[PDB]
Amino acid sequence: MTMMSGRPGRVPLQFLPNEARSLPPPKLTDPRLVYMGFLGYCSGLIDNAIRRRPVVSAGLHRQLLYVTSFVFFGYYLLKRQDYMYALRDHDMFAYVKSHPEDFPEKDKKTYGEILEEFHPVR
Amino acid sequence: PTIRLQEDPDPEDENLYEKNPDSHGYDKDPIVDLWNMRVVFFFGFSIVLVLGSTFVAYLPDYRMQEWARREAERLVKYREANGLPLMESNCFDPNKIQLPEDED
Amino acid sequence: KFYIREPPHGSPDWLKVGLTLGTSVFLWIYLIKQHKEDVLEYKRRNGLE
Amino acid sequence: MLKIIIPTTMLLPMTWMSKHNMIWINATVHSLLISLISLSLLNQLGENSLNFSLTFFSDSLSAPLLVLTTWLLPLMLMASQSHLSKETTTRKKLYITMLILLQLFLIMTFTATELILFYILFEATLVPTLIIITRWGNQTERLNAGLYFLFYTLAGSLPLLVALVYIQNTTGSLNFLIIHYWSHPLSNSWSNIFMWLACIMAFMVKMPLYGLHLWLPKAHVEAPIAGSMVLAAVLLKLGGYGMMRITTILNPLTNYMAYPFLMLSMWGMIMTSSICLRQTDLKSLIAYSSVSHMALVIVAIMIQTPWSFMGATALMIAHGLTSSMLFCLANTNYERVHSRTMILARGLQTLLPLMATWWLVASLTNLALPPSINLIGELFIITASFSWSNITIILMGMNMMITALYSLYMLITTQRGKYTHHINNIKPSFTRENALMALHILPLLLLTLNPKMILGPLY
Amino acid sequence: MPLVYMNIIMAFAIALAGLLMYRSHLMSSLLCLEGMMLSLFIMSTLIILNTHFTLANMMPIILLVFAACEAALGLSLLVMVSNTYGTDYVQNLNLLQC
Amino acid sequence: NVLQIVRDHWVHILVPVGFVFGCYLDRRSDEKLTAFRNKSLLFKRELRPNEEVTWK
Amino acid sequence: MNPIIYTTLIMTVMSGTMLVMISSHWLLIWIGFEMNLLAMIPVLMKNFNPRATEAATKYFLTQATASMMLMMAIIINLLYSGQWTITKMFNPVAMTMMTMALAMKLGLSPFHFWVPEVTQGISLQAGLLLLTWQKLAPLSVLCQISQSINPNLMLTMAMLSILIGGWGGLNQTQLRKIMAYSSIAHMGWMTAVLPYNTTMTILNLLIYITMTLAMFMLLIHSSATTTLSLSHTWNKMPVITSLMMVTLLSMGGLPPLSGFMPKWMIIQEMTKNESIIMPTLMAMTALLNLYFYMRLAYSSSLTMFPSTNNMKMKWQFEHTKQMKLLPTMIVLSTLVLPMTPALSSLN
Amino acid sequence: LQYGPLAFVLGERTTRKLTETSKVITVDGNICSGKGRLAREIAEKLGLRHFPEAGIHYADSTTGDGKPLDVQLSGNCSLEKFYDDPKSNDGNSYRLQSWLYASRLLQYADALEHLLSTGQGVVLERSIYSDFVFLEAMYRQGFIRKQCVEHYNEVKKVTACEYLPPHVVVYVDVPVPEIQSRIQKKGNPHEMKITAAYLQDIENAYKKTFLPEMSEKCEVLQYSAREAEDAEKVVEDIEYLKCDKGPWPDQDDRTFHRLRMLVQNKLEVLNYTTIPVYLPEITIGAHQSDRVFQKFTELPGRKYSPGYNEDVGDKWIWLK
Ligand SMILES: CCCCCCCCCCCCCCCCCC(=O)OC[C@H](COP(=O)([O-])OCC(O)COP(=O)([O-])OC[C@@H](COC(=O)CCCCCCCCCCCCCCCCC)OC(=O)CCCCCCCCCCCCCCCCC)OC(=O)CCCCCCCCCCCCCCCCC
Ligand SMILES: CCCCCCCCCCCCCCCCCC(=O)OC[C@H](COP(=O)([O-])OCC(O)COP(=O)([O-])OC[C@@H](COC(=O)CCCCCCCCCCCCCCCCC)OC(=O)CCCCCCCCCCCCCCCCC)OC(=O)CCCCCCCCCCCCCCCCC
Ligand SMILES: CCCCCCCCCCCCCCCCC[C@@H](O)O[C@H](CO[C@H](O)CCCCCCCCCCCCCCC)COP(=O)(O)OCC[N+](C)(C)C
Ligand SMILES: CCCCCCCCCCCCCCCCC[C@@H](O)O[C@H](CO[C@H](O)CCCCCCCCCCCCCCC)COP(=O)(O)OCC[N+](C)(C)C
Ligand SMILES: CCCCCCCCCCCCCCCCC[C@@H](O)O[C@H](CO[C@H](O)CCCCCCCCCCCCCCC)COP(=O)(O)OCC[N+](C)(C)C
Ligand SMILES: Nc1ncnc2c1ncn2[C@@H]1O[C@H](COP(=O)(O)OP(=O)(O)O)[C@@H](O)[C@H]1O
């Protein structure tokens, strides 16, 4: 099963439709972006360790490029994920609005008139 | 060779008291040993234990025990003065409870 | 000290180092500019300011 | 509550950036400081919990456990630096990293507001423990122990995961507060019975329940001293905390689903107390003692009364402290004589008097002497069980005798009699070991002074 | 379906069973493979001719082309197997187990 | 001379700095849960002539 | 083999896979499969020896049979509906034959016997290619025809794949066979969720490919093909063995490692439909894969095995060829769970 | 740039550099014969690179600083104690033989790499094709077990088949009594204990196995004791050799590419020397292996990669 591949108006290989520009971009201080940078730093440290170089101090340009690349890709990944979830909620709400008979709002009943069975603990 | 493999012999255990008669059991280096003892004793007994127990003993009453006692005193005084029972078997007013119409 | 050439000499490979730093700075400034334009476009579309 | 979580994640690089001969000092000092910081969580309310954020919360049941964990980390550090002296710097840093990661996972587990997050952390705790056991254990059984420690857990926890996600597809939320407020009774159907079993079996195997406990002797015997400390004092309480949490959605099925587990708990408490009477291994005796005490805790949780919950919380705290002390006391003799047999080194009171005093206090606390918190928990559980059924006072009473016997047995075997003649390598007790014993035992009586801090939310 | 269609399906099934049941020679299995290809060609041609699908008339030819590749591939492999054992028997290909 | 002292004992500020950072992050988390500030039926209150918010 | 010829053959393999992935015509998908097989056969025999020739012959026979069943299914579909476009597969017999052919191509049980043999018979690089890149095309076709699948047959083959992968991998001392059985079990996991959600299939495939790439690159870096030759690596480079152990733990599905994310998600997806028993059995069975990963970790990282004297010479030399993508692959294999929701970008 | 497929795709071809003086030469001979002097004179006259006979510390001479390391961290075997106690119960004899074979394999790889990279010829003293004679001499005298011979044969079978045999083999014949006279007149107090049976076994192995099987690949130049000092005549005899019968003329560009990728990357060369066959003579326990490896990693220029050790004067580390 595939939910969103046949959605009308979908450009095949876009990765970021124009409608996505209507959403607030992720902040550059987003904790997910910080975690992506941490992943890049870990990749740099592992690169230093595998090559048998001083793990923390061997290559600063390489480590900085690692962090930069991870943050750079993670920014667009987060943008696409937020766009996809916004699309999901949009379609959900539109479907609920267009099918009132399938989502009725029944009368609210307070706890003073609902009969709940009591199970003693003894 | 009548042997199975090349291996080091199992070495004898080192006694920390031989090179340091007052060794505290923390490290082979006497200075690092002494300071490990000092930091353990200061931060375990002096800081955490006594000060933490003092802090816990004087924690403000967020469980509302004294407040509950005073509230109970007020309610007991009022209900005894006006002759009402000290407690009621119902904790909710029956006027706001709607029983089902038919029991048959 | 090393009996062999050790192609990585005392001086670092300046071309590779310069390319690495240049790529990193270009990526960072591109990201900042993209984030600024995304913020501006979002505010314009939703009309906050 | 990030004010506690972040300093541990900072303990990590501080350990990895320390000078080669200053790792232990820095780790111990900052772990003690973190324990002092975590002491502030004991200031609880009377109605609801401390809801710090959407992710983490603190309750009157989890705060003593967090304090115990943060207090146990420095004790492990002191207990570990003796037998790791010959290790390389990198492996020492790796060992400290495992300990710190275990503490971080436990801290996040005890405060998670979400049941799937609780599952993820409560399962993540396995990797550092397994690595510690199978890498720094001493004998060749350790490998097998690790396997016994792993699959026994996973076979119990993988069904739970399924049940958990099933619940989230029915109620829409696994947050503990919403789960508590929107609670509904469980009907009597086969599907509900198996859902109950899936929700219960993981925590019952982590207790461990009698019959499911075979992993525990292996894990607690082949582990290093810090591993045994953390396995006995904290990791066994994950099952109790999880059962106390998850039982809010299992009523009224528990009313009759507890019978096999109650029967197993009582009879196996008697059985393990009896097993302690014939034990040639001193560590195995302490492990089976832990099994008996946790059987009592299982009974308390299963009968589902306020007094039982209070007694269970007190018993978990007291057992953690007491069992950690007993393991350290046994490890001192092991490090002296390199053997775990109880009748090898005898008459040690003559050679080590202060150690004999520590042994006496630990054994007196193990047999629940009044007014220790061990006794408070045991007596509350026994009163609750008596209210549940008057006949239980037989079995419980039986246990009370047997415990005392084996407890004093251990003491009389190790401290009294005459010293073994051919053992001449028993050096005077180091200041480190005496400080370890004192830091184990003083909090016990200090909590005896103020017992409402460990009585849980039902107080 | 007419009887000719089912006859072609039966030929395909017979060739498939012949490939799946090896006797000794790899060449016989290769011949069964070519028989499968021939049956597929005949059936596709019959279906395309019956429905007057003009642009699909090129499809069988392409099929034959790739058949040749497979045939060539198989023959090449056979050569190497022979060079290792002096025979094309499939019982000699047993160096790897499960 | 403080160069060697610093390069040897600079690892002693990581944990206190983490403590302060955790306190700051706890405050930042607190500032995002103010949807019911001074709005509960039990604690709803009139503002003082000077104060702006009942709690931070 | 000439480097230019080798590059041409590799590019032809990838071109066949892309032709399968970008086509709407059944004939073009079949042509892509044919081209992929034709270019793949020489790649398996890059290092010439009888074992490589046997592996190539077995692979060719299996894939040619599968492709003939594929073409027959296409022709039956054309007969009962004059359509060439890859769609809901208007005929049921043709769909059964298509499912069988694609399962044979992927190595799903009971068409699994060729996978361990071919993996053991070829070099580590060829095994890497076969176990990572060769799964994309049949899985892409299966994703495209997922709405018309018979859930009973697909789920039976997936469950059989998981069971057989665990049981077969329990008995291996050769690393390539262990990898092949792990691959079979992971294909079972990928195909179990295919009738319910193809996004979960893609996520599982991506995580499996990352973990397999990391494992194979670590095995190439430390030139070990058996358990005992891998047990020597701790005395030459312990960092590699530590990373290998953490990668094995991730492959075992333990939290909080990223290898836990696919199964977890699949379980949740299978619980959104009713499907309660099957995920429970599936996790119970994946415990076997975890067991033999743990045994490998015991043999290579958590204990020190005896070494040889000549290893001292190896201490004096460094690794000459350097794989640029190994650290990123390891990090993605391990520390990726907190970024789980990003899977929304897949659909 | 490092040699690889990219250099082969555009430009680099090995066949063009071969200029009739490639001619891998080995000068074999029994113990204490003047094969070394003849090798140096041949290399000087023909302008080839001379490789001194690979010893216990040959691998040390090519990595880091060329100075040898401690015997505990390199070799873990002694020739002197092999002479003193050839039947020692600690496995010294076969450990020495295996380490020497590994060193000879490394030296042959280095020589082939130099020849294929520069086109200049090389002259070796002994080779991997000649080492086995010493092993045979160890077996007939009871110095090593038969399992050691089986292990040696396995390693040699998996290793020596990947290279090309030398173009021309020079052998120098000295009778055993003259060898004993030379040993007596030498003065090294450990070689006085070499019994005549050992040297006779070495010569028997040489003349009965090595020369016959080597003559099938290419012709062999044999010289008596007196006709080896005249190096000019030996060189002029070498020069007029018709070398068109061995595997060397049958080598094209792609085979040379494969061999050149093999000769560099010394780890791939030494791959099969440490196969997991557990002979007591060469198997080392986990504790000793760990201790010795920790000892090795603490050497001044060994903790990190060649250009990353600041304790031997490596600068600009944080930008490399
Ligand atoms: C959850 C919360 C967050 C946590 C995240 C997860 C954990 C952290 C991230 C993990 C990845 C990061 C590092 C990976 C690369 C490291 C590789 C390595 O080899 O390290 C050696 C290296 C030492 O090498 P060296 O210095 O060059 O010289 C010594 C020689 O090399 C001598 O070295 P040697 O090679 O000769 O020694 C041999 C040794 C070499 O083997 C190793 O070193 C083991 C390393 C395993 C790599 C981990 C795999 C990938 C990551 C997955 C982790 C999973 C975590 C999930 C939980 C499960 C637990 C496993 O092998 C053994 O001894 C075998 C023992 C078997 C032990 C079994 C356990 C192994 C796996 C355990 C992994 C646990 C997590 C990582 C722990 C930290 C590792 C450094 O360690 C380091 O120095 C780096 C660590 C510190 C760097 C960060 C410093 C930060 C800067 C300070 C300021 C802080 C900023 C704060 C901001 C606020 C302003 C003030
Ligand atoms: C060396 C150790 C080795 C290792 C062992 C292990 C040790 C582990 C330790 C770990 C750390 C522990 C920390 C725990 C913290 C706890 C502190 C705390 O919460 O304080 C609570 C409590 C203070 O209560 P509070 O709530 O703070 O005060 C509330 C009022 O506002 C106040 O009322 P007020 O307005 O009337 O003012 C009273 C004020 C002033 O009142 C007066 O001055 C009047 C006193 C009456 C005398 C009047 C006549 C005498 C003079 C007449 C002649 C001179 C005048 C005329 C001059 C001419 C001469 C004729 O005096 C006080 O405030 C009480 C003294 C404060 C003591 C605090 C304890 C801190 C402990 C933390 C350090 C722990 C380490 C030990 C170090 C401590 C030093 C060794 O401290 C007490 O202990 C009170 C006990 C005294 C009551 C009498 C005992 C009754 C016995 C009945 C039972 C009989 C049965 C047999 C049992 C016998 C057992 C005794
Ligand atoms: C173990 C970690 C797994 C990581 C997997 C690889 C990560 C690095 C690869 C980088 C991807 C580069 C692609 C960017 C170029 C643009 C191409 C774009 O056009 O592709 C779109 C597609 O975009 C991609 O799907 C997004 C790729 C992002 C994958 C990462 C998510 C992994 C799960 C979360 C784990 C955390 C990952 C951390 C990242 C470093 C087209 O969509 P569409 O043609 O309509 O879909 C075809 C398939 N359908 C119709 C059947 C659905
Ligand atoms: C070596 C020889 C020793 C023998 C000689 C010793 C000499 C005498 C010293 C012994 C003292 C005797 C004890 C007598 C009791 C007096 C103390 C008591 O009064 O203080 C209690 C206070 O006790 C504290 O509350 C208990 C201390 C808290 C324990 C925390 C331990 C520190 C944390 C370390 C980590 C914990 C790990 C375990 C996890 C939970 C009062 O409780 P409370 O009724 O309220 O007070 C009412 C008035 N207030 C509220 C205004 C203060
Ligand atoms: C080694 C220690 C491991 C831990 C042990 C865990 C203990 C698990 C035991 C499970 C507790 C009870 C399970 C089911 C509840 C009732 C059991 C049954 O005997 O009661 C009757 C059940 O009747 C019959 O017994 C039918 C069940 C018979 C088949 C069950 C197999 C029992 C064989 C025991 C094998 C041992 C299991 C443990 C394996 C390790 C009640 O009649 P009924 O009203 O109709 O059923 C109630 C459910 N309704 C309301 C939906 C209808
Ligand atoms: N493969 C070997 N096994 C044992 N000993 C060897 C081996 N190769 C060389 N040696 C020893 O090295 C010593 C010197 O080697 P050699 O070449 O014969 O003399 P020279 O250096 O004067 O030319 C001799 O004592 C010889 O025994």
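What counts, and at which threshold
- Residues numbered from 1 in each chain as written, not as in the entry; some residues may be left out.
- Chains lettered and ligands numbered in written order.
- Part of a larger assembly, values for the part shown.
- Heavy atoms only, no water.
- Residues with missing side-chain atoms left out of burial classes, pairs and counts.
- Core = buried A, V, L, I, M, F, W, Y, C linked by side-chain atoms within 4.5 Å.
- Buried < 20%, exposed > 50% of the residue type's maximum accessible area, 1.4 Å probe, protein only.
- Helix = DSSP H or I, 4+ residues; strand = E, 2+ residues; numbered from the N terminus.
- Contact = heavy atoms within 4.5 Å.
- 1 Å grid on protein atoms, 1.4 Å probe; cavity = no way out; pocket = protein on both sides within 12 Å on 5 of 7 lines; lining within 4 Å.
- Points joined across faces, edges and corners; volume = space filled by probe spheres on them.
- Nonpolar A, V, L, I, M, F, W, Y, C, P; charged D, E, K, R; others polar.
- Axes fitted to C-alpha atoms, helices over the stretch in contact; angles between N-to-C directions.
- Parallel < 35°, antiparallel > 145°, perpendicular 65-115°, else oblique.
- Patch = residues over 30% accessible without salt bridge, like charges linked within 9 Å, V, L, I, M, F, W, Y side chains within 5 Å.
- Areas by Shrake-Rupley, 256 points an atom, 1.4 Å probe, with all protein chains shown as cover.
- Salt bridge = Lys/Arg side-chain N within 4 Å of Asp/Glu carboxyl O.
- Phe/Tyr/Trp six-rings, centres within 6.5 Å; stacked < 30°, edge-to-face > 60°.
- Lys NZ or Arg CZ within 6 Å of the ring centre and 35° of its normal.
- Near = heavy atom within 4 Å.
- Polar contact = N/O pair within 3.5 Å; in protein donor to acceptor, adjacent residues only side chain to side chain.
- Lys, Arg positive; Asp, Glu negative; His and termini not counted.
- Charge placed at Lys NZ, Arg CZ, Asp CG, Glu CD.
- Buried area = accessible area lost by both parts, 1.4 Å probe.
- Pairing = 2+ DSSP bridges.

As stated in the entry header, the method of structure determination is cryo-EM and the reported resolution is 2.7 Å.

Draft legend 1. Layout of the nonpolar core. Ranked by size, the top nonpolar core spans 361 residues in total, and within it G:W26 and G:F60 carry the most contacts. Per-element accounting of this core gives the leading share, 17 residues, to helix α3 (residues 50-80) of chain G. Here G:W26 is in contact with G:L70, G:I74, G:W84, G:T85, G:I86, G:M89, G:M98, G:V141 and G:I145, once residues within four sequence places are set aside. Counting 90 residues, the second-largest nonpolar core is a separate cluster that includes H:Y163, H:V170, H:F210 and H:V235.

Draft legend 2. Structural view of empty space enclosed by the protein. Of the voids in this model, the largest cavity is the one considered here, and its volume is about 200 Å³. Here the residues of the lining of the largest cavity sort into 14 nonpolar, 2 polar and 2 charged.

Draft legend 3. Layout of the packing of helix α6 (residues 124-132) of chain G against helix α10 (residues 198-221) of chain G. Residues and elements named next belong to chain G. α10 packs onto α6 with a crossing angle of 175° between their chain directions and a minimal axis gap of 10 Å. In terms of orientation, α6 and α10 fall into the roughly antiparallel class. Contact residues: α6 offers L124, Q125, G127, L128, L131 and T132, while α10 offers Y208, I209, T212, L213, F216, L219 and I220.

Draft legend 4. How the structure looks around a nonpolar patch on the surface. On the surface, a cluster of nonpolar side chains totalling about 690 Å² of accessible area is made up of A:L28, A:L64, C:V25, C:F26, C:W28, C:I29, C:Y30 and C:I32. In terms of residue count, the dominant contributor to the nonpolar patch is helix α1 (residues 14-46) of chain C (6 residues). With respect to the secondary-structure elements, A:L64 resides in helix α2 (residues 60-98). Given the relative accessible area of 39%, A:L64 is considered partly exposed.

Draft legend 5. The arrangement of the arrangement of the chains in detail. Considering every one of the 14 pairs of chains in contact, the largest contact total is recorded for chains G and H. No interface is formed between chain B and chain F, the nearest pair of C-alpha atoms being 13 Å apart. In this structure chain F stays clear of chain H, and the shortest span between their C-alpha atoms is 18 Å.

Draft legend 6. Here's a closer look at the packing of aromatic side chains. In this structure the tally under the stated criterion is 40 aromatic pairs over all chains. Aromatic pair A:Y35 and A:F38: ring centres 5.6 Å apart, planes at 45°, arrangement tilted. Placement of the pair is A:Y35 and A:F38 together in helix α1 (residues 31-50), with a separation of 3 residues, close to one helical turn. On the basis of relative accessibility, which here comes to 38%, the residue A:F38 falls in the partly exposed class. Among the aromatic side chains, those forming a connected cluster through ring pairs are A:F72, A:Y75, A:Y76, C:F26 and C:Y30. Directly above the aromatic system of D:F122 lies the positively charged group of D:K206, at a separation of 5.0 Å from the ring centroid. We note H:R260 situated over the ring of H:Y3; from NZ or CZ to the ring centre the distance is 3.9 Å.

Draft legend 7. Up close: the site of ligand 2. Taken together, B:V50, B:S53, B:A57, B:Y58, D:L442 and D:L446 make up all the residues around ligand 2. Close to ligand 2, residues of chains B and D are found. The side chain of B:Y58 places a nitrogen or oxygen atom 2.5 Å from an oxygen atom of ligand 2. Here ligand 2, which alone exposes 2,200 Å², has 12% of that area covered by the protein.

Draft legend 8. Up close: a negative patch on the surface. Residue and element names in this part refer to chain B. On the surface, a cluster of negative charge is contributed by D10, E12, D13, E14 and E18. Examined against the element boundaries, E12 turns out to sit in the segment before α1 (16-19). Look at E12 and you get exposed, because its relative accessible area is 72%.

Draft legend 9. Structural detail: the interface of chain C and chain A. Each partner contributes residues to the interface: chain C has 18 residues there, and chain A has 21 residues. Buried area between chain C and chain A, both sides added, is near 1,800 Å², and the carbon and sulfur share of it is 70%. With its nearest N and O atoms 2.6 Å apart, the salt bridge here joins A:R21 to C:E41. Its residues placed into classes, the side of chain C that touches chain A shows 9 nonpolar, 6 polar and 3 charged.

Draft legend 10. Region of the structure containing the site of ligand 1. Every one of the 31 residues lining ligand 1 counts as a neighbour, but A:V55, D:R91, G:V239, G:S242 and H:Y304 are closest to it. Note that an oxygen atom of ligand 1 is positioned 3.2 Å from one of the side-chain N or O atoms of H:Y304. For ligand 1, the protein covers 76% of the area, taking 1,800 Å² as the surface of the free molecule. Of the residues forming the shell around ligand 1, the biggest block, 8 residues, is contributed by helix α4 (residues 89-111) of chain D. The residue inventory of the shell around ligand 1, partitioned by class, reads 25 nonpolar, 3 polar and 3 charged.

Draft legend 11. Region of the structure containing the interface of chain H and chain G. With 46 residues of chain H at the contact, the number on the chain G side is 30 residues. Between chain H and chain G lies a buried interface of about 3,300 Å² when both sides are counted; carbon and sulfur atoms form 67% of it. When residues of chain H are sorted by the area they lose upon contact with chain G, H:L267, H:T274 and H:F293 head the list and together hold 19% of the total. At the boundary of chain H with chain G, the tally comes to 0 salt bridges. Summed over the shared surface of chain H and chain G, the result is 11 residue pairs in polar contact. Where the side of chain H that touches chain G is concerned, the elements lending two or more residues are α1 (5-9), α4 (92-118), α10 (253-263), α11 (266-270), β6 (283-284) and α12 (286-297) of chain H.

Draft legend 12. Spotlight on the sheet that holds strand β2 (residues 49-51) of chain H. All names here are of chain H. Pairing is parallel in the open sheet, where 5 strands are placed in the order β2-β3-β1-β4-β5. The sheet is open, and its two borders are formed by β2 and β5 (220-223), each paired with just one other strand. Taking each pair of neighbouring strands and ignoring which way they run, the sheet shows an average axis angle of 20°. In the sheet, strand β1 (residues 25-29) pairs with strand β3 (residues 122-124) via 2 bridges, with the strands oriented parallel. Looking at β3, one finds that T26 is bridged to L124.

Draft legend 13. Region of interest: the pairing of strand β4 (residues 168-172) of chain H. Residues and elements named next belong to chain H. The element β4 is extensively covered by neighbouring structure, given that 5 of its 5 residues are classed as buried. Judged by which residues are buried, β4 turns out to be covered on both faces: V168, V170 and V172 on one side and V169 and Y171 on the other are all buried. The pairing of β4 with β5 spans 4 bridges and is parallel. Bridge pairing in β5 links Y171 to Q222.

Draft legend 14. Focus on the pattern of salt bridges. Using the criterion set out here, one finds 40 salt bridges over all chains in the structure. Across the salt bridge formed by C:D38 and A:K79, the nearest N and O atoms sit 3.3 Å from each other. Here C:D38, found in helix α1, pairs with A:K79, found in helix α2, and the two come from separate chains. The same class applies to C:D38 as to A:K79, namely buried. One salt bridge in this structure joins H:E53 and H:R104, with 3.1 Å as the shortest N-O distance. Of this pair, H:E53 sits in the loop between β2 and α3 (79-84) while H:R104 is found in helix α4, placing the two residues 51 residues apart along the sequence. Connected through shared salt-bridge partners, A:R21, C:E41, C:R44 and C:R45 make up one network.

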